[PDB]
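Q: Structure file my_file-v1.csv (CSV, C-alpha atoms) right here:
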```
chain,number,residue,atom,x,y,z
M,602,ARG,CA,52.5,9.7,52.9
M,603,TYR,CA,53.6,7.5,50.0
M,604,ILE,CA,57.3,8.0,50.9
M,605,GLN,CA,56.5,7.2,54.5
M,606,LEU,CA,54.4,4.0,53.7
M,607,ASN,CA,56.8,2.7,51.0
M,608,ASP,CA,59.7,2.3,53.5
M,609,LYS,CA,61.9,1.4,50.5
M,610,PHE,CA,62.6,5.0,49.7
M,611,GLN,CA,66.0,6.3,48.7
M,612,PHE,CA,66.9,9.9,48.5
M,613,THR,CA,69.3,9.6,45.5
M,614,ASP,CA,67.0,7.2,43.7
M,615,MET,CA,64.6,10.0,42.8
M,616,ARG,CA,64.9,11.7,39.4
M,617,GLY,CA,63.0,14.6,37.8
M,618,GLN,CA,62.6,18.3,38.2
M,619,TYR,CA,62.0,19.6,41.7
M,620,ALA,CA,64.3,16.9,43.0
M,621,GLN,CA,66.8,19.0,44.9
M,622,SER,CA,64.2,21.3,46.4
M,623,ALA,CA,62.1,18.4,47.7
M,624,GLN,CA,65.3,16.7,49.0
M,625,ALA,CA,66.3,19.8,50.9
M,626,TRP,CA,62.8,20.2,52.3
M,627,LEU,CA,62.7,16.6,53.4
M,628,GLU,CA,66.1,16.9,55.0
M,629,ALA,CA,65.0,20.1,56.8
M,630,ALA,CA,61.8,18.4,58.0
M,631,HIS,CA,63.8,15.4,59.3
M,632,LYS,CA,66.2,17.7,61.1
M,633,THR,CA,63.4,19.7,62.7
M,634,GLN,CA,61.7,16.4,63.8
M,635,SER,CA,64.9,15.3,65.4
M,636,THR,CA,65.6,18.6,67.2
M,637,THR,CA,62.0,19.4,68.1
M,638,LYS,CA,59.6,16.8,69.4
M,639,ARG,CA,56.7,18.2,67.3
M,640,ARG,CA,55.7,16.0,64.3
M,641,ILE,CA,55.8,17.3,60.8
M,642,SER,CA,55.6,14.1,58.7
M,643,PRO,CA,52.1,12.7,58.4
M,644,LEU,CA,51.3,9.8,60.8
M,645,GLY,CA,48.7,7.1,60.6
M,646,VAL,CA,46.3,6.1,63.4
M,647,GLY,CA,43.9,3.2,63.5
M,648,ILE,CA,40.1,3.5,63.6
M,649,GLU,CA,40.0,3.0,67.3
M,650,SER,CA,41.8,6.2,68.3
M,651,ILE,CA,39.9,8.8,66.2
M,652,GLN,CA,41.4,12.2,66.9
M,653,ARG,CA,39.8,15.7,67.1
M,654,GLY,CA,39.8,16.8,63.5
M,655,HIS,CA,38.5,13.7,61.9
M,656,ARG,CA,35.0,13.4,60.3
M,657,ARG,CA,34.0,10.7,62.8
M,658,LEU,CA,34.1,13.1,65.8
M,659,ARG,CA,32.7,16.3,64.3
M,660,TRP,CA,29.3,15.7,66.0
M,661,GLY,CA,30.4,16.8,69.5
M,662,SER,CA,31.4,20.3,68.5
M,663,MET,CA,28.6,20.4,65.9
M,664,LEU,CA,26.0,19.6,68.6
M,665,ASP,CA,27.5,22.3,70.8
M,666,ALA,CA,26.9,24.7,67.9
M,667,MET,CA,23.4,23.3,67.5
M,668,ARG,CA,22.6,23.9,71.1
M,669,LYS,CA,23.8,27.5,70.9
M,670,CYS,CA,21.6,28.0,67.8
M,671,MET,CA,18.6,26.8,69.7
M,672,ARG,CA,19.5,29.1,72.6
M,673,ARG,CA,19.7,32.1,70.3
M,674,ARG,CA,16.4,31.2,68.6
M,675,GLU,CA,14.6,30.8,71.9
M,676,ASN,CA,16.0,34.1,73.1
E,2714,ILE,CA,19.4,14.8,65.4
E,2715,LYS,CA,17.3,12.0,63.9
E,2716,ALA,CA,20.4,10.4,62.4
E,2717,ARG,CA,22.4,10.6,65.6
E,2718,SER,CA,19.5,9.3,67.7
E,2719,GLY,CA,19.4,6.1,65.6
E,2720,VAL,CA,15.7,6.6,64.6
E,2721,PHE,CA,16.5,5.6,61.0
E,2722,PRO,CA,19.6,4.1,59.4
E,2723,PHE,CA,22.8,6.2,59.6
E,2724,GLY,CA,24.6,6.8,56.3
E,2725,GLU,CA,27.8,8.8,56.1
E,2726,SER,CA,26.9,9.8,52.6
E,2727,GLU,CA,24.6,12.8,52.7
E,2728,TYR,CA,25.6,13.0,56.4
E,2729,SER,CA,28.7,14.8,55.2
E,2730,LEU,CA,26.2,16.9,53.1
E,2731,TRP,CA,24.1,17.7,56.2
E,2732,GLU,CA,27.1,18.8,58.1
E,2733,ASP,CA,28.6,21.0,55.4
E,2734,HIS,CA,25.3,22.5,54.4
E,2735,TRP,CA,24.5,23.3,58.0
E,2736,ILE,CA,27.8,25.2,58.2
E,2737,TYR,CA,27.0,26.9,54.9
E,2738,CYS,CA,23.5,28.0,56.0
E,2739,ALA,CA,25.0,29.1,59.4
E,2740,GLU,CA,27.5,31.4,57.8
E,2741,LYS,CA,25.0,32.8,55.3
E,2742,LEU,CA,22.6,33.7,58.2
E,2743,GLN,CA,25.5,35.7,59.8
E,2744,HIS,CA,26.0,33.3,62.8
E,2745,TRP,CA,29.7,34.2,62.9
E,2746,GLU,CA,30.1,34.1,66.7
E,2747,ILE,CA,28.6,30.7,66.9
E,2748,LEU,CA,30.8,29.4,64.1
E,2749,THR,CA,33.9,30.8,65.8
E,2750,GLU,CA,34.1,28.1,68.4
E,2751,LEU,CA,33.3,25.4,65.9
E,2752,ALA,CA,36.2,26.5,63.6
E,2753,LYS,CA,38.5,26.7,66.6
E,2754,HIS,CA,37.6,23.2,67.9
E,2755,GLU,CA,37.6,21.3,64.5
E,2756,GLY,CA,40.1,23.4,62.6
E,2757,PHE,CA,39.0,24.9,59.3
E,2758,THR,CA,39.8,27.5,56.7
E,2759,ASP,CA,36.8,29.8,57.6
E,2760,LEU,CA,38.6,30.7,60.9
E,2761,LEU,CA,40.1,33.6,58.9
E,2762,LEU,CA,36.7,34.2,57.3
E,2763,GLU,CA,34.9,34.7,60.6
E,2764,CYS,CA,37.4,35.5,63.3
E,2765,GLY,CA,39.3,38.3,61.7
E,2766,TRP,CA,37.3,39.4,58.6
E,2767,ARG,CA,34.2,39.8,60.7
E,2768,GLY,CA,35.2,39.4,64.4
E,2769,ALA,CA,38.5,40.3,66.0
E,2770,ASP,CA,40.5,43.3,64.8
E,2771,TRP,CA,43.5,42.7,62.5
E,2772,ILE,CA,45.7,45.4,64.0
E,2773,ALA,CA,45.6,43.6,67.4
E,2774,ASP,CA,46.4,39.9,68.0
E,2775,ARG,CA,48.2,39.7,64.7
E,2776,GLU,CA,50.3,36.6,65.4
E,2777,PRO,CA,47.5,34.0,65.5
E,2778,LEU,CA,46.1,35.4,62.2
E,2779,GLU,CA,49.6,35.4,60.6
E,2780,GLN,CA,50.2,31.8,61.7
E,2781,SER,CA,46.8,30.8,60.3
E,2782,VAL,CA,47.4,32.5,57.0
I,361,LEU,CA,12.2,2.3,44.1
I,362,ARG,CA,15.7,3.6,44.7
I,363,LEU,CA,14.6,7.1,43.6
I,364,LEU,CA,11.1,7.3,45.2
I,365,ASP,CA,11.4,5.3,48.5
I,366,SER,CA,12.6,7.0,51.7
I,367,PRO,CA,13.4,5.1,55.0
I,368,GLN,CA,10.8,5.3,57.7
I,369,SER,CA,11.2,7.4,60.9
I,370,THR,CA,9.7,7.7,64.4
I,371,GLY,CA,8.5,11.0,65.9
I,372,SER,CA,10.9,10.8,68.9
I,373,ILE,CA,12.4,14.2,68.1
I,374,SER,CA,9.6,16.3,69.6
I,375,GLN,CA,11.3,16.5,73.0
I,376,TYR,CA,14.9,16.7,71.6
I,377,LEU,CA,14.3,19.8,69.6
I,378,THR,CA,14.1,21.9,72.8
I,379,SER,CA,17.5,23.3,73.9
I,380,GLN,CA,17.3,21.4,77.2
I,381,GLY,CA,16.7,18.2,75.1
I,382,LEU,CA,19.9,19.0,73.2
I,383,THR,CA,21.8,19.5,76.4
I,384,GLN,CA,20.5,16.1,77.6
I,385,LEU,CA,21.4,14.4,74.3
I,386,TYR,CA,24.9,16.0,74.3
I,387,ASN,CA,25.5,14.8,77.9
I,388,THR,CA,24.4,11.3,77.2
I,389,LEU,CA,26.3,10.9,73.9
I,390,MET,CA,29.5,12.5,75.3
I,391,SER,CA,29.5,10.2,78.3
I,392,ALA,CA,28.6,7.1,76.3
I,393,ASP,CA,32.1,5.7,77.1
S,419,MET,CA,40.6,4.8,74.7
S,420,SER,CA,39.9,8.1,73.0
S,421,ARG,CA,38.2,11.0,74.7
S,422,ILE,CA,35.0,10.7,72.6
S,423,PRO,CA,33.5,7.2,72.5
S,424,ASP,CA,33.1,5.6,69.0
S,425,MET,CA,29.8,3.7,68.7
S,426,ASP,CA,28.5,1.8,65.7
S,427,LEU,CA,25.2,2.8,64.1
S,428,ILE,CA,23.0,1.0,61.5
S,429,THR,CA,23.3,2.0,57.9
S,430,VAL,CA,21.1,1.9,54.8
```
Output the file's structure as structure tokens, nothing else.

A:
Amino acid sequence: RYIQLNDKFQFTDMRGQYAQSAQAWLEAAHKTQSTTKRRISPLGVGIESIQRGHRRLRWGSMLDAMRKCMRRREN
Amino acid sequence: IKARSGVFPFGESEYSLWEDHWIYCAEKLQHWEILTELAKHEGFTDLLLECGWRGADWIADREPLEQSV
Amino acid sequence: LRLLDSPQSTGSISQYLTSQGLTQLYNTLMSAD
Amino acid sequence: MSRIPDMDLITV
């Protein structure tokens, strides 16, 4: 996420151990994203379009579970 | 239910606690089948805990379990 | 006061505790759009 | 707009 948001990243600028392995992983991820439309790199979404897994919209599935728990207890 | 009905002020703090501890008490009380759909819908790490380790057989339908692991 | 005071509440959950009440609440909140 | 509506609630 930091590399994505910086936007001033350079591959050869990086120094330290694990440099080559992470470089290879990033190159493979970019190649996979180019070839396959599926997204691997993290992406940011505004507060308007809250998606399925977020904490804001747990309550729907949770209330479904709550209703089934009530059903079982009433049975 | 009270928090989501707006009867008293709604605070995310301790609401995360309510959610997580409800899941905890549900899994302790052996409500695995109910938690299956919740894990599938939200995405979690207890999907392995309940779906395979206590629900569906491992020898069958191996591929989804392998992908999850 | 911070330790010992709890926000007030109203007893409107008597009907919602029933499973049918939860179905009604789920339908209303899902279709709130 | 998302599938699930997002509505503001009062806080502490």

Q: Tell me as a ChimeraX atom specification which residues belonging to chain I come within 8 Å of chain S, counting only C-alpha atoms.

A: /I:390-393

Q: Any idea what the distance is between atom CA of residue 362 of chain I and atom CA of residue 2718 of chain E?

A: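 Going from atom CA of residue 362 of chain I over to atom CA of residue 2718 of chain E, I get 24.0 Å.
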
Q: What gap, in Å, lies between atom CA of residue 613 of chain M and atom CA of residue 625 of chain M?

A: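 Separation of atom CA of residue 613 of chain M and atom CA of residue 625 of chain M: 11.9 Å.
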
Q: Could the residues of chain I within 9 Å of chain E, counting all atoms listed in the file, be given as number ranges by chain, please?

A: I: 367-373, 376-377, 382, 385

Q: Tell me, counting only C-alpha atoms, for each residue of chain M within 9 Å of chain S, which pair of atoms is nearest and how far apart they are in Å to one decimal, in rows ordered by chain and increasing number, as a tab-separated table.

A:
```
residue	atom	partner	partner_atom	distance
M:649	CA	S:424	CA	7.6
M:650	CA	S:420	CA	5.4
M:651	CA	S:420	CA	6.8
M:652	CA	S:420	CA	7.5
M:653	CA	S:422	CA	8.8
M:657	CA	S:424	CA	8.1
M:658	CA	S:422	CA	7.3
M:661	CA	S:422	CA	8.2
```

Q: Could the residues in this selection be saved with C-alpha atoms as a CSV table (one decimal), in the frame of the given file?

A:
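Dumped everything to result15.csv:
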```
chain,number,residue,atom,x,y,z
M,649,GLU,CA,40.0,3.0,67.3
M,650,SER,CA,41.8,6.2,68.3
M,651,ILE,CA,39.9,8.8,66.2
M,652,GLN,CA,41.4,12.2,66.9
M,653,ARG,CA,39.8,15.7,67.1
M,657,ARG,CA,34.0,10.7,62.8
M,658,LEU,CA,34.1,13.1,65.8
M,661,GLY,CA,30.4,16.8,69.5
```

Q: Taking into account all atoms listed in the file, which residue in the set M:659, M:671, M:632, M:664 is nearest to residue 2757 of chain E?

A: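 Residue with the minimum atom-to-atom distance to residue 2757 of chain E: M:659.
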
Q: With 8 Å as the limit and counting all atoms listed in the file, what residues in chain M lie close to chain E? Please list them as a ChimeraX atom specification.

A: /M:653-654,659,662-663,666,669-670

Q: Provide the atom CA of residue 2765 of chain E to atom CA of residue 2745 of chain E distance in Å, to one decimal place.

A: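 Straight-line distance from atom CA of residue 2765 of chain E to atom CA of residue 2745 of chain E works out to 10.5 Å.
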
Q: For chain M, work out the contacting residues on chain I at 7 Å, counting only C-alpha atoms, and write them as JSON, numbers by chain.

A: {"I": [379, 382, 383, 386]}

Q: Include C-alpha atoms and write out the residues we just selected as a PDB file, in the coordinates of the input.

A:
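Dumped to result14.pdb:
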```
ATOM      1  CA  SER I 379      17.500  23.300  73.900  1.00  0.00           C
ATOM      2  CA  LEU I 382      19.900  19.000  73.200  1.00  0.00           C
ATOM      3  CA  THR I 383      21.800  19.500  76.400  1.00  0.00           C
ATOM      4  CA  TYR I 386      24.900  16.000  74.300  1.00  0.00           C
TER       5      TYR I 386
END
```

Q: Could N, CA and C atoms be built for segment 369-388 of chain I and written out as a PDB file, in the coordinates of the input?

A:
```
ATOM      1  N   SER I 369      10.712   6.689  59.739  1.00  0.00           N
ATOM      2  CA  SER I 369      11.200   7.400  60.900  1.00  0.00           C
ATOM      3  C   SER I 369      10.129   7.411  61.980  1.00  0.00           C
ATOM      4  N   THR I 370      10.555   7.636  63.218  1.00  0.00           N
ATOM      5  CA  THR I 370       9.700   7.700  64.400  1.00  0.00           C
ATOM      6  C   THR I 370       9.752   9.147  64.955  1.00  0.00           C
ATOM      7  N   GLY I 371       8.610   9.638  65.428  1.00  0.00           N
ATOM      8  CA  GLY I 371       8.500  11.000  65.900  1.00  0.00           C
ATOM      9  C   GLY I 371       9.029  11.151  67.360  1.00  0.00           C
ATOM     10  N   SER I 372      10.257  10.707  67.612  1.00  0.00           N
ATOM     11  CA  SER I 372      10.900  10.800  68.900  1.00  0.00           C
ATOM     12  C   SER I 372      11.652  12.132  69.096  1.00  0.00           C
ATOM     13  N   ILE I 373      11.642  13.016  68.093  1.00  0.00           N
ATOM     14  CA  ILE I 373      12.400  14.200  68.100  1.00  0.00           C
ATOM     15  C   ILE I 373      11.656  15.423  68.678  1.00  0.00           C
ATOM     16  N   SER I 374      10.391  15.224  69.056  1.00  0.00           N
ATOM     17  CA  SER I 374       9.600  16.300  69.600  1.00  0.00           C
ATOM     18  C   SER I 374      10.217  16.892  70.859  1.00  0.00           C
ATOM     19  N   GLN I 375      10.689  16.019  71.751  1.00  0.00           N
ATOM     20  CA  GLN I 375      11.300  16.500  73.000  1.00  0.00           C
ATOM     21  C   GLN I 375      12.750  16.928  72.780  1.00  0.00           C
ATOM     22  N   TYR I 376      13.453  16.344  71.807  1.00  0.00           N
ATOM     23  CA  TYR I 376      14.900  16.700  71.600  1.00  0.00           C
ATOM     24  C   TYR I 376      15.091  18.010  70.963  1.00  0.00           C
ATOM     25  N   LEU I 377      14.088  18.555  70.271  1.00  0.00           N
ATOM     26  CA  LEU I 377      14.300  19.800  69.600  1.00  0.00           C
ATOM     27  C   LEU I 377      14.508  20.973  70.554  1.00  0.00           C
ATOM     28  N   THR I 378      13.927  20.897  71.749  1.00  0.00           N
ATOM     29  CA  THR I 378      14.100  21.900  72.800  1.00  0.00           C
ATOM     30  C   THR I 378      15.608  21.949  73.177  1.00  0.00           C
ATOM     31  N   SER I 379      16.094  23.149  73.516  1.00  0.00           N
ATOM     32  CA  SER I 379      17.500  23.300  73.900  1.00  0.00           C
ATOM     33  C   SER I 379      17.902  22.418  75.029  1.00  0.00           C
ATOM     34  N   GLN I 380      17.034  22.293  76.036  1.00  0.00           N
ATOM     35  CA  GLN I 380      17.300  21.400  77.200  1.00  0.00           C
ATOM     36  C   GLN I 380      17.425  19.950  76.678  1.00  0.00           C
ATOM     37  N   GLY I 381      16.580  19.564  75.721  1.00  0.00           N
ATOM     38  CA  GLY I 381      16.700  18.200  75.100  1.00  0.00           C
ATOM     39  C   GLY I 381      18.044  18.036  74.457  1.00  0.00           C
ATOM     40  N   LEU I 382      18.539  19.067  73.766  1.00  0.00           N
ATOM     41  CA  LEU I 382      19.900  19.000  73.200  1.00  0.00           C
ATOM     42  C   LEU I 382      20.957  18.878  74.215  1.00  0.00           C
ATOM     43  N   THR I 383      20.820  19.601  75.328  1.00  0.00           N
ATOM     44  CA  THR I 383      21.800  19.500  76.400  1.00  0.00           C
ATOM     45  C   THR I 383      21.810  18.038  76.939  1.00  0.00           C
ATOM     46  N   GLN I 384      20.626  17.460  77.148  1.00  0.00           N
ATOM     47  CA  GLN I 384      20.500  16.100  77.600  1.00  0.00           C
ATOM     48  C   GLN I 384      21.159  15.108  76.652  1.00  0.00           C
ATOM     49  N   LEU I 385      20.847  15.267  75.363  1.00  0.00           N
ATOM     50  CA  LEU I 385      21.400  14.400  74.300  1.00  0.00           C
ATOM     51  C   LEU I 385      22.915  14.505  74.267  1.00  0.00           C
ATOM     52  N   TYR I 386      23.426  15.736  74.328  1.00  0.00           N
ATOM     53  CA  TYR I 386      24.900  16.000  74.300  1.00  0.00           C
ATOM     54  C   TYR I 386      25.552  15.314  75.480  1.00  0.00           C
ATOM     55  N   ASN I 387      24.965  15.459  76.671  1.00  0.00           N
ATOM     56  CA  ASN I 387      25.500  14.800  77.900  1.00  0.00           C
ATOM     57  C   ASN I 387      25.537  13.323  77.756  1.00  0.00           C
ATOM     58  N   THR I 388      24.431  12.745  77.281  1.00  0.00           N
ATOM     59  CA  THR I 388      24.400  11.300  77.200  1.00  0.00           C
ATOM     60  C   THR I 388      25.355  10.761  76.141  1.00  0.00           C
TER      61      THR I 388
END
```
